[PDB]
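Chemist: Sharing a structure with you now.
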Amino acid sequence: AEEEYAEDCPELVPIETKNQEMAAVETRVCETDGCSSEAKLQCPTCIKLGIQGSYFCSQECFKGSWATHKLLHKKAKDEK
Ligand SMILES: [Zn+2]
Ligand SMILES: [Zn+2]
């Protein structure tokens, strides 16, 4: 054999909030489709990859959703 995947689900991170600016952005739900909870955490690997949103509600929930979330990281790119 050669090698296997090197994916990992480390401790999530808090969503960098801001002051009560006029041009603020409300509404924050768990990224998971089957989770309508308040999103407070964010995906670390996402910030690096370059994906929008990616906000979780809790680690306990992230650990699970990660099973599918990780798949999102490897989207289906095309060449036109
Ligand atoms: Zn992510
Ligand atoms: Zn959640």
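Here's how to read the names in the structure tokens: chain A, B, ... by the order shown, residue numbers from 1 in each chain, ligand numbers from 1 in the order shown.
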Identify, on the basis of only C-alpha atoms, every residue whose closest approach to region 28-30 of chain A does not exceed 9 Å; exclude the query and any residue fewer than 2 positions from it along the same chain; express the result as a PyMOL selection string.
Modeler: chain A and resi 25-26+32-41+53-58
Chemist: Where in chain A does DSSP assign alpha helix (DSSP H), given as a list in words?
Modeler: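 Put together, the selection reads residues 44, 45, 46, 47, 48, 49, 59, 60, 61, 62, 63, 64, 65, 66, 67, 68, 69, 70, 71, 72 and 73 of chain A.
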Chemist: Would you compute the distance between CA of residue 7 (chain A) and CA of residue 80 (chain A)? Give it in Å to one decimal.
Modeler: 29.0 Å
Chemist: Per residue of chain A within 10 Å of ligand 1, which atom pair is closest and at what distance in Å (one decimal), using only C-alpha atoms and all ligand atoms, listed by chain and increasing number, as JSON lines?
Modeler:
{"residue": "A:9", "atom": "CA", "partner": "ligand 1", "partner_atom_place_in_ligand_line": "1 (Zn)", "distance": 9.5}
{"residue": "A:12", "atom": "CA", "partner": "ligand 1", "partner_atom_place_in_ligand_line": "1 (Zn)", "distance": 9.8}
{"residue": "A:31", "atom": "CA", "partner": "ligand 1", "partner_atom_place_in_ligand_line": "1 (Zn)", "distance": 9.1}
{"residue": "A:42", "atom": "CA", "partner": "ligand 1", "partner_atom_place_in_ligand_line": "1 (Zn)", "distance": 7.8}
{"residue": "A:43", "atom": "CA", "partner": "ligand 1", "partner_atom_place_in_ligand_line": "1 (Zn)", "distance": 4.5}
{"residue": "A:44", "atom": "CA", "partner": "ligand 1", "partner_atom_place_in_ligand_line": "1 (Zn)", "distance": 6.6}
{"residue": "A:45", "atom": "CA", "partner": "ligand 1", "partner_atom_place_in_ligand_line": "1 (Zn)", "distance": 5.4}
{"residue": "A:46", "atom": "CA", "partner": "ligand 1", "partner_atom_place_in_ligand_line": "1 (Zn)", "distance": 4.2}
{"residue": "A:47", "atom": "CA", "partner": "ligand 1", "partner_atom_place_in_ligand_line": "1 (Zn)", "distance": 7.7}
{"residue": "A:48", "atom": "CA", "partner": "ligand 1", "partner_atom_place_in_ligand_line": "1 (Zn)", "distance": 9.2}
{"residue": "A:49", "atom": "CA", "partner": "ligand 1", "partner_atom_place_in_ligand_line": "1 (Zn)", "distance": 8.2}
{"residue": "A:50", "atom": "CA", "partner": "ligand 1", "partner_atom_place_in_ligand_line": "1 (Zn)", "distance": 9.2}
{"residue": "A:51", "atom": "CA", "partner": "ligand 1", "partner_atom_place_in_ligand_line": "1 (Zn)", "distance": 7.3}
{"residue": "A:52", "atom": "CA", "partner": "ligand 1", "partner_atom_place_in_ligand_line": "1 (Zn)", "distance": 9.1}
{"residue": "A:53", "atom": "CA", "partner": "ligand 1", "partner_atom_place_in_ligand_line": "1 (Zn)", "distance": 8.8}
{"residue": "A:54", "atom": "CA", "partner": "ligand 1", "partner_atom_place_in_ligand_line": "1 (Zn)", "distance": 5.6}
{"residue": "A:55", "atom": "CA", "partner": "ligand 1", "partner_atom_place_in_ligand_line": "1 (Zn)", "distance": 8.3}
{"residue": "A:56", "atom": "CA", "partner": "ligand 1", "partner_atom_place_in_ligand_line": "1 (Zn)", "distance": 9.4}
{"residue": "A:62", "atom": "CA", "partner": "ligand 1", "partner_atom_place_in_ligand_line": "1 (Zn)", "distance": 9.7}
{"residue": "A:65", "atom": "CA", "partner": "ligand 1", "partner_atom_place_in_ligand_line": "1 (Zn)", "distance": 9.9}
{"residue": "A:66", "atom": "CA", "partner": "ligand 1", "partner_atom_place_in_ligand_line": "1 (Zn)", "distance": 7.8}
{"residue": "A:68", "atom": "CA", "partner": "ligand 1", "partner_atom_place_in_ligand_line": "1 (Zn)", "distance": 9.7}
{"residue": "A:69", "atom": "CA", "partner": "ligand 1", "partner_atom_place_in_ligand_line": "1 (Zn)", "distance": 5.9}
{"residue": "A:70", "atom": "CA", "partner": "ligand 1", "partner_atom_place_in_ligand_line": "1 (Zn)", "distance": 6.3}
{"residue": "A:71", "atom": "CA", "partner": "ligand 1", "partner_atom_place_in_ligand_line": "1 (Zn)", "distance": 8.8}
{"residue": "A:72", "atom": "CA", "partner": "ligand 1", "partner_atom_place_in_ligand_line": "1 (Zn)", "distance": 7.2}
{"residue": "A:73", "atom": "CA", "partner": "ligand 1", "partner_atom_place_in_ligand_line": "1 (Zn)", "distance": 6.2}
{"residue": "A:74", "atom": "CA", "partner": "ligand 1", "partner_atom_place_in_ligand_line": "1 (Zn)", "distance": 9.9}
Chemist: For the residues selected in the previous step, produce a file with N, CA and C atoms as an mmCIF file, in the first residue's frame.
Modeler:
data_model
loop_
_atom_site.group_PDB
_atom_site.id
_atom_site.type_symbol
_atom_site.label_atom_id
_atom_site.label_comp_id
_atom_site.auth_asym_id
_atom_site.auth_seq_id
_atom_site.Cartn_x
_atom_site.Cartn_y
_atom_site.Cartn_z
ATOM 1 N N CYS A 9 -10.090 16.086 13.051
ATOM 2 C CA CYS A 9 -11.116 16.982 13.572
ATOM 3 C C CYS A 9 -10.694 17.570 14.914
ATOM 4 N N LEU A 12 -12.601 22.855 17.621
ATOM 5 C CA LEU A 12 -13.093 23.992 16.850
ATOM 6 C C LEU A 12 -12.647 25.309 17.479
ATOM 7 N N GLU A 31 -23.933 24.892 10.481
ATOM 8 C CA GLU A 31 -23.686 24.593 9.074
ATOM 9 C C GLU A 31 -24.404 23.314 8.656
ATOM 10 N N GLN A 42 -16.593 27.967 14.585
ATOM 11 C CA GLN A 42 -16.308 27.964 13.154
ATOM 12 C C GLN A 42 -15.338 26.844 12.795
ATOM 13 N N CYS A 43 -15.233 26.551 11.506
ATOM 14 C CA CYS A 43 -14.341 25.501 11.047
ATOM 15 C C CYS A 43 -12.979 26.128 10.739
ATOM 16 N N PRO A 44 -11.940 25.568 11.376
ATOM 17 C CA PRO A 44 -10.561 26.036 11.204
ATOM 18 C C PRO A 44 -10.010 25.717 9.820
ATOM 19 N N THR A 45 -10.144 24.460 9.409
ATOM 20 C CA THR A 45 -9.658 24.025 8.105
ATOM 21 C C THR A 45 -10.338 24.796 6.980
ATOM 22 N N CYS A 46 -11.527 25.321 7.262
ATOM 23 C CA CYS A 46 -12.282 26.081 6.274
ATOM 24 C C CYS A 46 -11.629 27.436 6.016
ATOM 25 N N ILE A 47 -11.236 28.112 7.090
ATOM 26 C CA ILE A 47 -10.599 29.418 6.980
ATOM 27 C C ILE A 47 -9.368 29.355 6.082
ATOM 28 N N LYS A 48 -8.658 28.233 6.139
ATOM 29 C CA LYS A 48 -7.461 28.042 5.329
ATOM 30 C C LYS A 48 -7.828 27.682 3.893
ATOM 31 N N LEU A 49 -8.705 26.696 3.741
ATOM 32 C CA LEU A 49 -9.140 26.256 2.419
ATOM 33 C C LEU A 49 -9.730 27.417 1.625
ATOM 34 N N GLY A 50 -10.627 28.166 2.260
ATOM 35 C CA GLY A 50 -11.249 29.298 1.599
ATOM 36 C C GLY A 50 -12.736 29.097 1.384
ATOM 37 N N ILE A 51 -13.424 28.626 2.417
ATOM 38 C CA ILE A 51 -14.860 28.389 2.335
ATOM 39 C C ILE A 51 -15.629 29.369 3.215
ATOM 40 N N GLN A 52 -16.795 29.793 2.739
ATOM 41 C CA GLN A 52 -17.629 30.729 3.484
ATOM 42 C C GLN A 52 -18.385 30.017 4.600
ATOM 43 N N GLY A 53 -19.057 30.795 5.444
ATOM 44 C CA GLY A 53 -19.809 30.220 6.543
ATOM 45 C C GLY A 53 -18.977 29.274 7.384
ATOM 46 N N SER A 54 -19.383 28.009 7.426
ATOM 47 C CA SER A 54 -18.671 27.003 8.205
ATOM 48 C C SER A 54 -18.721 27.333 9.693
ATOM 49 N N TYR A 55 -19.930 27.493 10.218
ATOM 50 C CA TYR A 55 -20.116 27.813 11.628
ATOM 51 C C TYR A 55 -20.893 26.709 12.339
ATOM 52 N N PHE A 56 -20.303 26.169 13.399
ATOM 53 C CA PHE A 56 -20.938 25.105 14.169
ATOM 54 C C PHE A 56 -21.608 25.664 15.421
ATOM 55 N N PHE A 62 -20.156 19.065 16.180
ATOM 56 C CA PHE A 62 -19.149 19.167 15.130
ATOM 57 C C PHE A 62 -18.486 17.816 14.880
ATOM 58 N N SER A 65 -21.049 15.891 12.638
ATOM 59 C CA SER A 65 -21.213 16.501 11.322
ATOM 60 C C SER A 65 -19.919 16.413 10.518
ATOM 61 N N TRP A 66 -18.792 16.446 11.220
ATOM 62 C CA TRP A 66 -17.487 16.370 10.571
ATOM 63 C C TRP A 66 -17.435 15.207 9.586
ATOM 64 N N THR A 68 -19.383 14.318 7.482
ATOM 65 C CA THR A 68 -19.809 14.772 6.164
ATOM 66 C C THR A 68 -19.135 16.087 5.791
ATOM 67 N N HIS A 69 -18.985 16.969 6.773
ATOM 68 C CA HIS A 69 -18.355 18.265 6.548
ATOM 69 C C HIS A 69 -17.020 18.102 5.828
ATOM 70 N N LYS A 70 -16.203 17.171 6.310
ATOM 71 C CA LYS A 70 -14.898 16.914 5.713
ATOM 72 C C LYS A 70 -15.022 16.690 4.209
ATOM 73 N N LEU A 71 -16.131 16.087 3.795
ATOM 74 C CA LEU A 71 -16.372 15.816 2.382
ATOM 75 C C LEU A 71 -16.504 17.114 1.592
ATOM 76 N N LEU A 72 -17.093 18.125 2.221
ATOM 77 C CA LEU A 72 -17.279 19.421 1.579
ATOM 78 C C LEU A 72 -15.937 20.040 1.204
ATOM 79 N N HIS A 73 -14.951 19.880 2.081
ATOM 80 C CA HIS A 73 -13.618 20.421 1.840
ATOM 81 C C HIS A 73 -13.097 19.993 0.472
ATOM 82 N N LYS A 74 -13.419 18.766 0.079
ATOM 83 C CA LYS A 74 -12.985 18.233 -1.207
ATOM 84 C C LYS A 74 -14.102 18.331 -2.241
#
Chemist: So, with only C-alpha atoms and all ligand atoms as the atoms that count, which of A:78, A:5, A:59, A:67 lies closest to ligand 2?
Modeler: A:59
Chemist: How many Å lie between CA of residue 60 (chain A) and CA of residue 16 (chain A), rounded to one decimal?
Modeler: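 Interatomic distance here is 20.1 Å.
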Chemist: Check the smallest atom-to-atom distance from each of A:20, A:61, A:2, A:13 to ligand 2 using only C-alpha atoms and all ligand atoms, then report the winner.
Modeler: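 Of all the options, A:61 lies closest to ligand 2.
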Chemist: Tell me, in Å to one decimal, how far CA of residue 6 (chain A) is from CA of residue 76 (chain A).
Modeler: 19.0 Å
Chemist: When DSSP is applied to the backbone of this structure, which of chain A are assigned strand (DSSP E)? Write them out as a VMD selection string.
Modeler: chain A and resid 13 to 14 41 to 42 55 to 56
